[PDB]
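Participant: One structure coming up, written as structure tokens, with questions to follow.
FYI, it's all coordinate maths here, none of it is from the lab. Cβ: placed from backbone, ideal geometry, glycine included. Neighbour counts: every protein chain shown.
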Number of protein chains: 2
Amino acid sequence: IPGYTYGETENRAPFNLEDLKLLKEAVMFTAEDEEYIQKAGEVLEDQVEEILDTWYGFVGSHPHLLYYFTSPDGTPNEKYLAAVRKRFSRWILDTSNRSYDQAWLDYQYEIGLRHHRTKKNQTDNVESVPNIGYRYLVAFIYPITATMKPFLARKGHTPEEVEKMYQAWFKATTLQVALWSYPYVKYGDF
Amino acid sequence: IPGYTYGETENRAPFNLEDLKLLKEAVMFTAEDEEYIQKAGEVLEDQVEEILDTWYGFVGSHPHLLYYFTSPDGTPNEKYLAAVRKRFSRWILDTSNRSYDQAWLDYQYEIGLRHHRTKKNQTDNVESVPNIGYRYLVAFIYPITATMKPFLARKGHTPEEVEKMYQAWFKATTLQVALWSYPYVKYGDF
Ligand code: HEM
Ligand code: HEM
């Protein structure tokens, strides 16, 4: 997967496992959510293309959101969209599969950097807009969480298990966006 | 309500109604959510003390969260807790009741400032910790959203209406935290 450097950034994030413990406590993420986000694994594995169709559909239907993938001339950069799509697809699996350990935190830092002007457009060597305004990362917690529910509900598991998977996904999405604020936030205010 | 200055800050926020329109689109908030957040009004009105008992209970049971209300000596500042509680109670009603217009945006800016070192501890003239790290504001979207659901479900309205009220509350909480990032975020990155 071009540009995907999980576990090999060779850069230790400015947050550690103690920070993560406290952040998990604030978002109410426990061992129960680890169990159920992992069960979401097998459920979502075969559906990732349809999930990305939904998410890219949402972005593409809103000029002010599609903006973030545009070339200077205002048209969508198709190379950029396609390359990011492969990494975004993989993130769905990583969220369900990966242990949230230091390697995971180091990639969280990287993902935040890539939305921020610090590293945006470098991974794919594209010319596009310099920064994704942080307000929209937070806003996206809702669509990224809520649009996942129909996909969780399809694989013939109990509605009770689906609800637990869904709450785990909401917490995990929130947790990650909180971490991605680091490069946006004034030093010492994070 | 001491310190509550909604509609009388006399300061125009750095975001306007066009910004709000675009942010509402990103969080999927529509006229349907306005209808249902308003219906949450009558439902939550009589329950606000119990809601705050729940939220203050959550904060109080976690030393690293209760930290934000502590005096320098590490003990909770009871005056601070009580004064904030009255404004936090009112915010529940404002979220359901108020039109999200420019006055509302101007108070959103104010609330963000009060969590941030810019204005924290000034409203109540207390000595406490200088800043609430932004990571925790995002994290709190989960507990503030999820713990509201049992209160929405109690007033004998249909489960279908409860679900619509709940989704509206999730979107509104997310929307607000997105706005409150403004004083935390490096200038031009919001
Ligand atoms: C909950 C919020 C969001 C999630 C979960 C999310 C997820 C992701 C992921 C997983 C990647 C690929 C990371 C990698 O390189 O491995 C990515 C990249 C990207 N996302 Fe987001 N994203 C969010 C918010 C946004 C928003 C609001 C936009 C605006 C359209 C956006 C546009 C982009 C763009 C343009 C890239 C490529 C950045 C680069 O140049 O490297 N994302 N996102
Ligand atoms: C979804 C996230 C949050 C919501 C909805 C929320 C809501 C509120 C509201 C409505 C107020 C009163 C605003 C006013 O002055 O009118 C307030 C103040 C305050 N909140 Fe939050 N809050 C959030 C996150 C946090 C977190 C994570 C903490 C950490 C314990 C916290 C601690 C405080 C403190 C210490 C104040 C007083 C700030 C000051 O000195 O003026 N809040 N909050």
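Participant: May I have the count of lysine pairs in segment B:42-190 with C-alpha atoms under 24 Å apart, counting pairs 8 or more residues apart or located on different chains?
Facilitator: Pairs that pass both the separation and distance tests number 13.
Participant: How many times 2.2 N^0.38 Å is the alpha carbon radius of gyration of chain A?
Facilitator: 1.02
Participant: Let me ask something else. Given a Förster distance of 45 angstrom, what is the FRET efficiency for B:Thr147 paired with A:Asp73, based on the Cβ-Cβ distance and rounded to 0.05?
Facilitator: Here the calculated transfer efficiency is 0.40.
Participant: Hey, another quick one. Expressed in whole Å with the largest first, what are the equivalent ellipsoid semi-axes of segment A:1-76 derived from the C-alpha gyration tensor as the square root of 5 times each eigenvalue?
Facilitator: Ellipsoid semi-axes (Å, largest first): 31, 20, 15.
Participant: Further, regarding this structure: Which distance in Å, rounded to a whole number, links the C-alpha centroids of segment A:1-76 and segment B:1-65?
Facilitator: Spelled out, the Cα-based centre of one part sits 26 Å from the other.
Participant: Another question, then. Quick query: amide H of A:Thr70 versus all other amide H atoms, modeled in the peptide plane; which residues come in under 5 Å with a sequence gap of 5 or more or a different chain?
Facilitator: Under 5 Å from the amide H of A:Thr70 lie the amide H atoms of A:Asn77, A:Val129, each far enough along the sequence or on another chain.
Participant: Follow-up question, since we're still on this one. Would you kindly state the longest site-free stretch of chain B, with sites defined as GluC sites (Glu not before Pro) in a DSSP loop (not H, G, I, E, B) surrounded by at most 16 other Cβ atoms within 10 Å?
Facilitator: The longest such stretch corresponds to B:11-126.
Participant: Treating the beta-carbon of each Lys and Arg as +1 and of each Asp and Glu as -1, no other charges, what is the dipole magnitude of chain B about its Cα centre, to the nearest 20 debye?
Facilitator: Result for chain B is approximately 560 debye, rounded to the nearest 20.
Participant: Once label points are set 7 Å from the Cα along Cα→Cβ at both A:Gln122 and A:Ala31, what is their separation, rounded to one decimal in nm?
Facilitator: 4.0
Participant: About the Cα centre, and with charges only on the beta carbon of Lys, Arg (+1) and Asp, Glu (-1), how big is the dipole of segment B:1-65? Nearest 20 debye, please.
Facilitator: With only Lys, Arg, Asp and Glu charged at Cβ, the dipole is about 340 debye.
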